[PDB]
Structure formats: structure tokens, C-alpha cells
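In: output the structure for:
(chains A, B, C, D, E, F, G and H, ligands or ions: 7)
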Amino acid sequence: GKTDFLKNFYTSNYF
Amino acid sequence: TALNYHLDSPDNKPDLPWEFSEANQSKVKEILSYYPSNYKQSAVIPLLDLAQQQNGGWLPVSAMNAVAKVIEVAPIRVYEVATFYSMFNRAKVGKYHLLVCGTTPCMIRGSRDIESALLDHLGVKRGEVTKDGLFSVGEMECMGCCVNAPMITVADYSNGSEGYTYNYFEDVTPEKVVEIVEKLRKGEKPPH
Amino acid sequence: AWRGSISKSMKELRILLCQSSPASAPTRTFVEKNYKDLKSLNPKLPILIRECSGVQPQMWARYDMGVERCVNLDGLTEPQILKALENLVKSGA
Amino acid sequence: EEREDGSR
Amino acid sequence: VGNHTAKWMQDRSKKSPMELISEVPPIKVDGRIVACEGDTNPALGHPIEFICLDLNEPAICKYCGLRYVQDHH
Amino acid sequence: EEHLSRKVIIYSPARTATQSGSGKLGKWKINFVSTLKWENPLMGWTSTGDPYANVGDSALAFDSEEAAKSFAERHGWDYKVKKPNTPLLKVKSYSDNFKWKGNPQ
Amino acid sequence: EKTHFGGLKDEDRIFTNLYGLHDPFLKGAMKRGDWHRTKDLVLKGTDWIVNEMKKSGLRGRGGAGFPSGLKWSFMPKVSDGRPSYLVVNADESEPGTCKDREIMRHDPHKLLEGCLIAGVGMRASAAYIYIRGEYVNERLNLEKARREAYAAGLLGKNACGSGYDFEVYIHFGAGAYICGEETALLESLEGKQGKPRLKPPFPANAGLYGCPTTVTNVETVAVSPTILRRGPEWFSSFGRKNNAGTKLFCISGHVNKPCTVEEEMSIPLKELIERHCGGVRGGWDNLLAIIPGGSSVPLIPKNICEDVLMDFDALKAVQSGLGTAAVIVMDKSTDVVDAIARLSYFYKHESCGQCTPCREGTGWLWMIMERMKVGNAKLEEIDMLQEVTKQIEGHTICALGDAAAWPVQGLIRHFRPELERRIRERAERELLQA
Amino acid sequence: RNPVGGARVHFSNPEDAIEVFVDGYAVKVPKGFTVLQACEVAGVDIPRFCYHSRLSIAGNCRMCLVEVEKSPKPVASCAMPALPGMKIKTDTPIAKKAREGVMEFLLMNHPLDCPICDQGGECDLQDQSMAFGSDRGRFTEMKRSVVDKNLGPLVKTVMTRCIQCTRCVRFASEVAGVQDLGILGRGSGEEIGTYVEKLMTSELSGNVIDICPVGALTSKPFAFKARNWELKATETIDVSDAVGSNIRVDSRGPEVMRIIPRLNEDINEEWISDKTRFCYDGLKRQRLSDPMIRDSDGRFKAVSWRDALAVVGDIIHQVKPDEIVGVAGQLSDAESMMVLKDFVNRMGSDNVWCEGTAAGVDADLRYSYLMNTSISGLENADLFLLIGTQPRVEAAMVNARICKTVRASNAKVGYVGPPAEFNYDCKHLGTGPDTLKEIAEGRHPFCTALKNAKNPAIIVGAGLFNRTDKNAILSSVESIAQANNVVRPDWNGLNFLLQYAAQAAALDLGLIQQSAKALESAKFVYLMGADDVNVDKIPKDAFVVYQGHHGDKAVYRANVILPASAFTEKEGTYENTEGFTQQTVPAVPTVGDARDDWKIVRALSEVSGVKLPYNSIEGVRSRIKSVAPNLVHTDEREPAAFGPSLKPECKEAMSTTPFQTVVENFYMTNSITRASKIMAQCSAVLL
Ligand SMILES: Cc1cc2nc3c(=O)[nH]c(=O)nc-3n(C[C@H](O)[C@H](O)[C@H](O)COP(=O)(O)O)c2cc1C
Ligand code: SF4
Ligand code: SF4
Ligand code: SF4
Ligand code: FES
Ligand code: FES
Ligand SMILES: [Zn+2]
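Out: Numbers count the residues shown, from 1 in each chain, chains lettered A, B, ... in the order given. Ligands and ions are numbered 1, 2, ... in the order given. I have put the structure below:
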């Protein structure tokens, strides 16, 4: 239930 | 052993106080009066000469700083002036500075025959003062044509600026230079 | 008396305008004519005048919870820029 | 880098 | 033993080059200048370096670390 | 596809401050902002996984702003242009070293 | 006369106290004719003084020989707010030269009156006399003369009762040969190191303190009042066309009686040596080389000295110069290579070090000359020496680089077999010994 | 033909232009240009060592010699003025032979230490030896040697390489304003030095490394570390102060190796301060690399991003809206500040401000916190009045511009504030607001000097902005400006000097502290890089969250640490003192688990339940367009639209407290500088 931005932020600092 | 830099010592360090004496103050003012008041730097050479005369014939770094203070410039410019010109002594010399070993015009007539006898009598090497602090031997820098002499120069710092003399002597021989040294020791001004 | 109650109604007012464009001339006149009185009557209200070389004349009001409303000032006369301000103060505030 | 004695 | 040598040298049995070069006594020279080539055969050493000896502290050749001092003054 | 959507910068590298010569200017480059590198935990070597690690500074070059912009727009990249700073030549005179200070104030 | 030159009589001598037999101070100076009706000369105006100086054909006595009247006329006619300065070059550190020293010793009032006259002719308000730092006794004598002139109203406000205000100040150096160069002299007078300036600007537009300034020799200044009083035509009656006037000569070296003498310009060198110096020691046939004026001009061989005249043009035509008119005479017993190496050492020592070609090439030339003194060189190194001199010449800020390159060039031009023989003898010794 | 380096030529009037020929070609130059400058306009690169366009002409190296028709000698092009009809030749045999001879003289005593010299690979001497004199050496005598000199921890010295070009001495005298370097001695034995033992204490001392054409003066901290050919060059801006100096960042892998100045005529003129040049060491030291929550024993423990964000989001909903406080750090970029302001306003709080003295100023009018004269515009001022500011330690490049203006145009400087060491002559007018009253009332030599000034410039420091009597001080300053016609349509001489890189953008975005004591009543404090705030004013029971890349005291107090990117690792928007907006460029990757500041704030806002209407930096900039559109119109110069007249009249009384000092330590100003060896050593020895 979270947007793609939160997943990318949890992944790394390079989107 | 002239060097383009200064290493602190007990008789030569910036913290030693140094100022023009009260009797030299009249002379400093007269020297400054020759130049526009916003061109005081013009007085560096005569003021350095006066300071050297007052300090017994040499310029400690404190005297250079004092001159820089009188002419209102950074001390580095005064250091540049003092190191550029050969007449300024930045190490101690004796009360009587003897200048020998001339250049091209006089070594044609055999100039290098006076120095060694001078050290032998004085018992010192060139550039070092004697134990009593009376005599030191330096590099003479030449004028004229060296026609009628191998010559030596005597700078008399024994009586400050009011007794300062800078004289050239002619026909000096190994016997004659010792005689000159003896009269200088006894206080009589040698003839020239 | 609404001009003396802007602080009670909004947290921040922003006026964006062009320095030289004719389209921003009524907004510039409104600022030059009203800012003194508006700030004297509302000493604690931030009235941000932000000028930019190529922006359309705009005016923003920021309320509680960060809610904002904007009014486009293009094609408006100096008194109608004042009505829009009064509307922002009185409604949605 | 510069060594402790200044050597490269 | 220093931080510089510890970056690569992981064996303490031998002295590091920094300590070894420091144990070589300064070479006395008659004169105020000396040229160092790092080898008796110049072609097998380092580019010639002229070193001034005016300072009291021993002067270090920047190529091979040999140290020189004025013999008399 | 995946690498065609990246954002790049079109710019002309300025002259270095360590040299007075000006012979490397006028060239236009596409900066790929490749800033994802790390240290290999065996030898400390610098590792990367970004294919455009050095192509923007080693191979890709453009003689003009327009050529670089056209290449970027044909490849579909999102580009921002940074205009280079240029010196302003000013009147200099060696006589100025000896300017009169005026009458004393 | 127009045909032959020399034998100047006493009634035509300008420096009448050159031998120091009379009082050099104010009373004797007026008794000899100095400060005589200077008010009339000043009231004649700047234009008249400049025109008379141009008509006299006087050329610079500091070595370059530039026409004095034109140089004075370079000074601005109308002030732009800045004052105008006259600087008198009394910094003769050139080896073998003492003429300016003699002028300051025995005729200082000549120098002071010339200072006033040139200041009027340059529309200058003040004069600075830059003396060599070693001329302490000379400087004190000149300062005594200056006090005498100031007390008598000849200098300062309302100088000589003419309504013109002119201050004269005495400045001294601290032992640097380069300070004799005019821009280096200006820098030293400003309180900086004696480093020559680039031109432009020229001193007439921006000199001392960035103000219009003229730097001229002591001899050039001291002869102006006599030229004005006796007339430009009398001065131009001596010497060849474009080499007019009298000249202070000093001859040293291997001559029977060295002396300083005032003689007519364009006098033959051989006539000068055999007339006032008793000839070359051991006869004229014992002569090897002669340096015509000062150490800053190339030497000339014995064949050239036979007929060359002592003026700017004749010595210029033989790749030499009049310089300071300091004649150094060398006989056959001199090691000429050793003398040239000595001069190279002098120039290496006296280089101010500002510009690269002088600063490095002077030392390089000195090292090469020291090696060639003993033949420790190759035959091909003479050509390398010539090319190094050419690399120095014309690429420096001031003329000291040219003065350093010239003696080596003259040695290579006139005594190359001697250097080649030294090299061959060194090689011969090397072969047999080892 | 394009001018060398794309150099711009400005003509005051086309009538004041002369015509010269450079190798047959016709070129037009302004009157007063030198032969070398005319060659540059023609596109011909003349080799040079001693000439520098920002320093007085010396003409000593003799490497720029060219042939001019009817000239007997080769002509030093750097010093010779250009004349109409002049025929300049640069490639004739005379010029080539002169260059070969000069190059031979230069290399004669030069040491054979290219492999150990840091200038190798970027050396003008090497390139000109390869190009102009490709002459085989023939010097076989002994070279001269020189002892090294001690100039401090920044400038490493190898004086055998010096070619006596005197660029360093002229820079010290003319640009740094600190006369410590000179040329001692005479002839070939002349040596550059200070004669007496002393270190270079000028804040602009590091530029002598740039200007020295040989490896005589090199960076001591950078010594032997890298060759120029293995370094990646990134063009970005500095954040040490509010000047925005243009810099080039050199990196090898994920490490910044050195920082050197970047040309920008309007800001820093290819110079930077020592803080800018040598602060790069701290970028790899004491880096916050992982999220941390203090454990049960009161010790930090490393966690994932999700856990820390969950903790912060959960605890931020347990406080009153007026009890939330957010503070932006001095190094914050505009995007992160905008996102922080939006996040805090959307939680129902208005306590958002930027750390520093200018935390609660009136930001309504942009003229009131910017240098309206512009940095380049200062050179036209004839008088300077500095009120409560030390530009030497607050804005080093602005102070350099002021010193250059004073040296060139003989402008006068009046200073009101605590005693300080200036590198130029200036009258101390007083120490506090009583002086301001005296200036306003007249009857003073400096008052009539200010009235007799055609283009006066008042510079007011941002340090005065946190005083209780701020309104009175500002009103007095503006009255002084009005009485002397300081602000005119043709001249805006009124200026306010900011101290922090983030201050201008923060004031533009409206990050203004309303409640003066909101920190003392907060229970949730978000410190976004605000390491310079006084944290003992925070209540002991408040939940403190610190986000940044370094930190000393706020890290100790923080309950949660969120690692953030540094300015060398991200693209962020910064506005300088004069209102010029610039952007950083990423040079190296981030360290550890760090994230960009705006990314962290947006992620926390999403976790906290607030939906911001942007998911990328482009969306953030589009949002900024609705607040401060000048912040997204990067690299543009715009004049002020409104002035002092709109300000309401103030009648507050004038306090007697004297002006205080803002920057106590030039080297210790931010968290990056406080984590550097070199800055600490500079504080130890250079202060
Ligand atoms: C190295 C050097 C030394 C010089 N020394 C002197 C000198 O001692 N006396 C002098 O009058 N001119 C000297 N000159 C020449 C001066 O630069 C200048 O030409 C002179 O003062 C002009 O005076 P004049 O026109 O009366 O001859 C020297 C020039 C150079 C390059
Ligand atoms: S030629 Fe020699 S003396 Fe003249 S300026 Fe150059 S270095 Fe100095
Ligand atoms: S400065 Fe350094 S790199 Fe350049 S020529 Fe000299 S030793 Fe070689
Ligand atoms: S140290 Fe460098 S900048 Fe200074 S004079 Fe020597 S070569 Fe020139
Ligand atoms: S020995 Fe001749 S000048 Fe000294
Ligand atoms: S650049 Fe012109 S002489 Fe050095
Ligand atoms: Zn070695």
C-alpha cells in the first residue's frame, strides 16, 4: 500500500 | 656567508627592541623632509644607512623593522632592499670594517696580495670578528681605475653615526696595511 | 475592516510578478500602492513579494495544515487585484 | 602520499 | 613502523626502508653544494639532483634519501 | 530502453586553473553523472556497474552545443545545458604600475 | 680644426678645477666664473635654453650619446597637475671611470648651476642627485656646496633672484652597478630594489613617482651653464659634425702615465695615448687590445686603434662605443681571455636578476669563460658561446645584457686563434700525460 | 576568428577602437590593449610565464617575445601597448629563436625532478618545452640549488623549481592584501621567501599554488597523492559560505582528491578561499552512514531505513502541532528546505526556519537580505561603509573584491563594529549603534565623505539580524541610505551580506521563525543538518531527530540519526548573497546507506501519513515555482523590483549593545570543516 517512491527509497539513493 | 634568509639568534631576533636614538631623530626628520610625505619609502636607503651606523656597522632584523615602521611599509620590502644592496651588513662586523680583495681593474696590478697578510696579522678568517670585537675583514667593492694602487676600504663604526667615515687607502702593502691596523687600534686615523 | 484581519485568516501570502512585463504592471502597482498599509495593519503576516523574469502574475495564500489557494492575476486591474485579496481573506480562511 | 620523513 | 609503512608492509622481521635510510649517516661534503646520482654509475641511479647545504640540518636527496652536510661550516 | 531515460548534462569544460594555456576549450561534452562506484573487498580497487562510467569523458565528444543537443534529443535523453563562463578582456597597462599617488593629503 | 682634432687649450677647457689645485667651494667657484649672471639665463626662458642646447650639439655623456636638447624638449610644456623632476645620474659604478667623481670633488658648483639650468630647461620644480653609495666624502662635499648655494640664495625659493623656484636634494645608493641604469635609478630613488622598468612608459611621461622626469649624466648637466654663457657655436666648433664639444677622458692600464684629461671630441685614440699618457708602456708596438670607453663596450685590436677617432660615430663604426670615455689599455703581456672572463664575472655579479636571459646567461657565459681560460673546452664550444651571447643580446629588459654579451663577442671576433691555441695545448697535454 | 578561450571584448564606444594586424589578419581591439591581448583576440596563443591577466604586468620571463615590424628588438607582447597599423608576427624565425633561447635559459638551472614533481602532467614548462623549444639540452655545468622554505601547513615548497616569475609576490601584494612574500637577493641567487620565519596567514594563500607555473609552490595536503591525468573533473559550486564560489572538484574513484577554483567573472575570478580549497578532507571523516535509534542503554544502534522512519512517524503523531519544530542546516539545498517546510506546515506547525542569525528576519522584500550592488558592481563603488560585518572571515571573496576595488579605484572604507584585522586601509568609525546615530545626524568627516561619494555602498552584515534592536538598526541604516541617495535607479548601493549557503534560498522560500521561543517548548525537533543550533535550549524530554552527513553536539542529543548526502554527492539548488541561483553537480557516490535530504523528508512525510504532491526532484522544483520562482530560474541576473519605500515606519528605540563577531573561527564554520585534519591544523598554527 505504498507508492513506488518509498520502495525505491528503501532500495537505494539512485532511482 | 651572506644568506637570503634570517635565522633567529640571541643578538639578532625580532623581539629585541630597536629604535632610532634621540640624537638620530633630527637626522631622520631631515632625511624624510627631502621627499613628499606620501613617498616616505624613498628614505629606506638613507635610513638603513643611518641605522647601520648607529648599530655599530650592521643591521639586525629589529633595525629593519624599525625602518619599516618609520617609512610605513611592510617589513618584507625593507628586507628586499637590505638584501639587494651590498653595502648593508646583515651580520656583525668589527668597529673597523676592513674591505679587501678587489675586482678586475686592480687584480691586473696584483691586488690579491693584501688579504692573506691581513688575516695572518688579525688571526681570523674572512667574515669573522676578532675576539676584542675591533676588526672584521669583508669584500671590497671597487670604484675608479685602480691606477696607482692596490687599495683597501676602511669603514669606521667605532663612534656611531657621528663618527662614521668611509675611506679608501692607496699604495697599501703587506707592511702598510698592518701599520693602518695598528693606528686604527691606537685610535689615530690613518693617513689617506 | 477585512484588511486588518488578514493575519487571523491566513498564515502566509505570496505575490509573484514580473519585474518588467506589461502583464505584471497592475500587480506591481497594487504592491507599490497597498503593501505599506497591508503590512502596517498586519505586522506579523509574512507577505512574500517574489519577482521573476518570466512568471505570470500570481497570488497565493497559505492557510492551516498547509492548504493553499492561488488566483491568476493576468488581465486584471489594480482594484480587482484588491477584490481577489479580499475574497482570499474572507472565503476559505 | 608523503612519508613520515617527507619522502615521496 | 609509521602509518605510511603499515599500509603495505605486513612483516616486522626486517626494518622498513624509512628506518634503514635514516640509519645511514649524513655524507660530509667540502662545499655548499653537492650532486647526487644515487649510484656510482650515474646511468644506473636516479636523475641527477643538486642539493644545497646552506642549512644546518642535513639536506636530503629527494630521490634516494641520502643525506649530506657541509664538512666545515 | 532502461539506459535511454537517464538524465544528462551538456556543458563545455572550463580551463584548468593550474595552467595558463587555453587549448582544451571549445569542446562540448555530455555528462552522464555516473556516480555509483565502490571498493572491491579484495584489493581495494574501484568497481562499478554503470555502463556509461567513462564513455562521456573518453570517447563521446561534440564540437558544438547544437551537435550535442541534437545527439541527446535523438537518443531521447533528458538534458540540461550549462553555459560556460568566459573571461572578460580588460584594458591593462604596464604604466599603471607607476601611477602617481597625487599630492599628499 | 676641421681636419685634425686634439690639443685642446686651457682657454677652451670647461672643467678648470679638474686637477683640484684651487678652492672648489663657493668663493673659488665664483672666482672661476660659476653662478655668473644665472638670473639672465633663467629669465631667457625654457625655450631659449632648449634651443641653445640643441644648437650646441651636446650629446649624452652617460654612454648612450643621445642629443641632450631633444631629450630635454621631450619634457611636457604644460603641467597636467603632476610636477616635473630632474634626476642627475652620479652613480658611476662602471669599472675604470672616475670623471663624475672628479666633477663632484672639484667642481660641485658647476653641477649645482647645471642642475638649476637644466631644471629651468625642463620646466622642473625639483632636482634629485643620485650619488654612488661609496662616494661618501664626495657626497659630503657636494652637500656642503649645496648648503653654500642655498645660503647665498642661488637655490631654493626665488633661485638667483629670477623668480623661479627649484629645490635640489642629494640621494645616494647602496652599492649596485645596475642602479646606474636610468629606470633602475628611478626605482631605487623610489625606495625599491634597483630593477629596471620596461619601456614604454618613458621617463619623460612617467618617471619618478610616475611624474615627467629626465635622467641625465653629471657631465652632461655640469657643462650646460658654460655652453649657455660661451655660446653653442663655440661648443660646436670642437669635434666632427654630430660629435661636437669637449669630453672628459680618463686613460688607465698599460700606459706610462695614466691620467684624467679634458680633450676635444673626435681626437685620435693613438694621439690621445701618446700625447697625454706618454704612450703605451713598452711602445705602441707592444699594444695588444684597447677598450675605448668603460667595460660595457667591445675591445678593438691594435690595427683598429691606429686610426680610429674618439667619438660616438667612429667607435660605433668599428663595433665599439665611446661609452664613459674610460680608456683601458692592454699590452702584449695581458692574458686577454682572463680579462674577458673577469668582465663576465663582473656582469654575472652585477646582474639584477629580474629577467631570465640576463639572469641565467650571465652565469653561463662566466662558467664557459672560466673553462676556456685554461683550455678545458672543445673547439665547437666557441660557436656555442657566440650563440649564447646572441640569445642574450636583444632579449633583455635593459642594456646590461648587451653589455654582458659584447666583450665575449669581441673576444671571439678578434682573438679566436688564441682560444683555439689554448684548447689545442690543453688537449696536447691531456694526450701525453695520460 | 574566435578569441582565445572565448574571451569577451567590451567596447565603451566603437570610436575608441584601433586596428592591428596579427600574422597578416585584421583584428579590432579597444584602445589600451597590449600586443598579447590583441594576439588573444586574433586567436593566437602566445606562451607566457610571468604574465597573469589578474595581476600587474611584470615582463620578466621574456617568453612572450614577438616580432613587430619596424621594431629593432623582439617585443614583450604582455607589456607593449597595441598601436594602430601595428604589424605583429608570432611565428617568424626571430620569434621562434627568441622563444628557444629563453626556454633554454629557463631549463638551465631547473632541477631534473619531473617524476617527483606534482606539476608533472599539468606543467606549462613541460608543454612549452615540448612545443617551442624542442632544442636538445647543451648545458653541462653544475646547476644552482636552493634550500626549501617553511610557509605553513598548506603550501609545500620546492624552491629549486622556481623560475623567479614573481607571480606569487604580486598576488600577495595585490590580491591577498598581505605583504609577506618577497624576492630577496640579486642576480641568479635571488630567492623568493619571507626572509624571516613566518607562515602565509592570508585566507587566500592557497591560490599561489594555482598561479605558480612550476612545482615550486604545491598543495601540502595533496602532495604526491595523484597525477592530474587520473582525476575526474566535476564543475560545481562551494557551500562553505554564502558566496557560491565556482569550483572544480577532482576525484579518483569514490574519493575527492582536491578542489581548485573555477572561473566566474561575476563571483570569485578564478580565486577561492583556503576554507573552500582544503575542506575536502572532512568529506571522508566521521560520516553518518546508517540510520540509528538510541537503544535501551542510551546507545545508538544501526537499523534499516524502514524501522527508523516508522519510529519517527509513530512518535510525531503523539505531540501537539505547535510542538513540532524543524530547522534547516546551513548547507541545505533549496529542494530539501521546501520539502521540509511543506512537511512541517502539513503537520499543522509554522516553526520552520534556517539556522543562523537571519532566522526570523522580515523576508517580504528581496532587497532587504541580498547584496543589491552585486559582487561585480562593487568595483564601481567609490566609498564603502561596513556595518557590523567582517567580510574577511564572513565572505572571503567579497572581501577580496572590496580590497581589489580599494587598491584600484582608491575607494574609502568606513567600518562600524568590533575591532578586526582588515587587509586594506579603513577608518574605524565606532563599534556599535551610537555610531549609526552619529552617522545619521552628520557632523563628521566621514559623513561629508559619504555625502561627497558618487556611488557609495553600505554593506550590512546578517549577524545584526538576531539582535533585539534589529528594526531600529535597519531603520537607521535605511535612513542613512536615503539621506545620501544611496539607492537610485542607476545605482543600488544598499547591501546585506549573508553568511550561510542556504540562507538566501531559505529566505526566498519563507522559512521564517515566527515564535522566538518555539525551540524551548518543542517536543519533536527535526534538525535537517542544523549542527550550529544551540541544543541545550531544547527540552530534555523532546524527541530530537538529526539528519545530516556530519555532526558533533546535535548527534549526541539526537534520538534518531538519518544519514544524508553531502554537497559533492548530489544535485542541489543554492542561492548566494547577491541573489544568484546556482546548482551543484554530483561528483562522487554517497557513503554507506545515506540518502538525499529531500528524499528523506518526503519518505518520512509518506510514512507519517502526509501525501506530498511530488515524487521526484522535478516535482519539487515545480512546487518551488509556486513559492520562489527565481530559485528555479538558475544562472540568471535580475535587478530589484521594489525598494525601501514600501517598508513600514519603525519607532523602536536604539540599544547600546555593541556589534558582536559572527565568525569566531574562519576554519571552523560548518560540520564538514570541523571534521578535517587540515582545517584543525590551520586553526592551530595559522590563526
Ligand atoms: C647597466 C647600466 C649602467 C649604467 N650606468 C650609468 C652610470 O653610471 N651613469 C650614467 O650616467 N649612465 C649610466 N647608464 C645609462 C643610463 O641608463 C642613461 O642612459 C643615462 O643616465 C643618460 O644620461 P645622458 O643622456 O646625460 O647620457 C647605465 C646604463 C646601464 C644599462
Ligand atoms: S638585463 Fe640583467 S640587469 Fe637588466 S633587467 Fe634584465 S636581469 Fe636586470
Ligand atoms: S615544474 Fe615539475 S613537471 Fe614542470 S618541468 Fe619542472 S620538474 Fe618537470
Ligand atoms: S615560487 Fe612559483 S610563482 Fe613564485 S616566483 Fe617562483 S615560479 Fe613564480
Ligand atoms: S683592489 Fe682595485 S678596486 Fe679594490
Ligand atoms: S609573459 Fe611577457 S615577459 Fe613574461
Ligand atoms: Zn640521491
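In: any idea how far residue H:575 is from residue H:388?
Out: From residue H:388 across to residue H:575, the span is 22 Å (CB to CB, to the nearest Å). Bear in mind the C-beta positions are built from the backbone N, C-alpha and C, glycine included.
In: what of residue B:73?
Out: Per CB to CB, residue B:73 is found 42 Å from residue H:575.
In: quick one, which of those two is more surrounded?
Out: Legend: neighbour count by other CB atoms under 10 Å in any protein chain shown for residue B:73 and residue H:575, higher for residue H:575 (28 against 17).
In: can you tell me which helix in chain C is longest?
Out: If you go by DSSP state H, chain C has its longest helix at helix C:25-41.
In: can you give me the buried ones in that helix?
Out: C:26, C:27, C:28, C:30, C:31, C:34, C:35, C:38, C:39 (16 or more other CB atoms under 10 Å in any protein chain shown).
In: hmm, that helix touching chain H?
Out: Yes: for helix C:25-41 and chain H, the contact criterion (CB under 8 Å from any CB of the partner chain) is met by C:28, C:31, C:32, C:35, C:36, C:39, C:40.
In: list the strands paired with the helix or strand following that helix, with their directions.
Out: Scanning forward in sequence from helix C:25-41 by DSSP states H and E, the next helix or strand is strand C:47-51. Applying DSSP bridges, strand C:47-51 is found paired with strand C:12-17 (parallel).
In: how about the CA coordinates for the partner strand, as CSV?
Out: The C-alpha trace of strand C:12-17 is given here as CSV (Å, rounded to 0.1, in the frame of the first residue of the first chain):
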residue,chain,number,x,y,z
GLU,C,12,1.2,33.4,4.6
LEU,C,13,0.5,35.5,1.4
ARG,C,14,2.7,35.3,-1.7
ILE,C,15,2.6,37.7,-4.7
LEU,C,16,4.6,36.6,-7.8
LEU,C,17,5.1,39.1,-10.6
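In: who's in contact with that strand?
Out: Residues from elsewhere that reach strand C:12-17, judged by CB atoms under 8 Å, 6 or more residues apart in numbering or on different chains: C:6, C:24, C:27-28, C:31, C:45-52, C:55-62, C:73, C:85, C:88, H:510, H:626-627, H:629, H:641.
In: hmm, the helix or strand harbouring residue H:311 touching chain C?
Out: Element membership of residue H:311 [criterion: DSSP H and E] is helix H:305-316. No: on the criterion CB under 8 Å from any CB, helix H:305-316 is out of touch with chain C, staying 14.7 Å away.
In: was I right about residue F:32 contacting residue F:48?
Out: No: at 11.8 Å, residue F:32 and residue F:48 do not qualify as touching, with contact defined as CB atoms under 8 Å.
In: who has more neighbours, these two?
Out: Higher neighbour count among residue F:32 and residue F:48: residue F:32, with 21 against 16, using other CB under 10 Å.
In: list the contacts for the more buried one?
Out: Taking CB under 8 Å, 6+ apart, one finds F:6, F:8, F:50, F:52, F:55, F:56 in contact with residue F:32.
In: you'd agree residue H:563 is in a strand?
Out: Yes: Residue H:563 forms part of a strand when assessed by DSSP: H, G, I helix; E, B strand; the rest coil.
In: got the residues of chain F near chain A?
Out: F:35, F:36.
In: residues in chain F within reach of chain G, list them.
Out: By CB under 8 Å from any CB, the part of chain F that sits against chain G consists of F:94, F:95, F:97, F:98, F:99, F:100, F:101.
In: keep only these that also lie close to chain H.
Out: F:94, F:97.
In: what subset of the residues of chain F next to chain G is buried?
Out: With burial judged by 16+ other CB under 10 Å, the buried subset of those is F:94, F:95, F:97, F:98.
In: mind listing what residue H:245 touches?
Out: Shown in contact with residue H:245 (CB under 8 Å, 6+ apart): H:237, H:238, H:261, H:262, H:264, H:267, H:268, H:272, H:273, H:276, H:397.
In: residue C:26 too?
Out: Going by CB under 8 Å, 6+ apart, residue C:26 touches C:57, C:73, C:76, C:77, C:78, C:81.
In: ok, now with 7 Å
Out: Shown in contact with residue C:26 (CB atoms under 7 Å, 6 or more residues apart in numbering or on different chains): C:76, C:77, C:78, C:81.
In: residue E:13: neighbour count?
Out: Neighbour count for residue E:13, taken as other CB under 10 Å: 4.
In: and the gap between it and chain A?
Out: Distance, residue E:13 to chain A, using CB to the nearest CB, to the nearest Å: 46 Å.
In: doesn't that residue fall inside a strand?
Out: No: secondary structure of residue E:13 (three-state DSSP): coil, not part of a strand.
In: and the residue of chain C found nearest ligand 3, what element?
Out: In chain C, the residue that lies nearest ligand 3 is residue C:53 (47.1 Å; CB to the nearest ligand atom). Following DSSP H and E, there is no helix or strand that holds residue C:53.
In: ok, and the closest non-adjacent residue to it?
Out: The shortest distance from residue C:53 to any non-neighbouring residue, by CB to CB, 6 or more residues apart in numbering or on different chains, is to residue H:638 (5.6 Å).
In: any idea how far residue G:107 lies from residue G:30?
Out: 12 Å.
In: tell me which of the two has more neighbours.
Out: Set residue G:107 next to residue G:30 and count neighbours by other CB under 10 Å: residue G:107 wins out with 27 against 14.
In: so that one touches residue G:19, yeah?
Out: No: using CB atoms under 7 Å, residue G:107 is not in contact with residue G:19, being 10.8 Å away.
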